[PDB]
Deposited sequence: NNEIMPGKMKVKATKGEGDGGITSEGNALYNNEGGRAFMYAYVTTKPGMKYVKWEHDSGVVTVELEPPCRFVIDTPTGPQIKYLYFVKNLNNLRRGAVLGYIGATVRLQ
């Protein structure tokens, strides 16, 4: 079962992001945050830190009480279709509730 863990991302010019990593067990599949341009995340391990490279993001709007907000979904490098699909399903399941 998919879990979520707050995780820091970084891209060009040292711009960082905070977001949710979606993972299993602990293997990261994807990262959701509020900015474009992130290239990698610093992923907890024991340990310690593993750098996980990200694919260019999927921007998508969700409705919110303050109006539409743009989210950015980043799949991890080399992720397979089984896991890409699980990530999309998990995000779909979360988005439909809010």
property	result
Gaps in the model (deposited sequence, numbered from 1)	1 to 7, 33 to 36
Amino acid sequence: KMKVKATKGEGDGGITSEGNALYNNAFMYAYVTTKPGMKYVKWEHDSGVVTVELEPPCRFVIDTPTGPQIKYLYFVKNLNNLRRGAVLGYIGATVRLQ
From here on, numbers count along this sequence of modelled residues.
item	value
Segment of higher mean CA temperature factor, 38 to 46 or 54 to 62	38 to 46
Residue with maximal Cα B-factor (values as given in the PDB entry) among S17, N20, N25, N81	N25
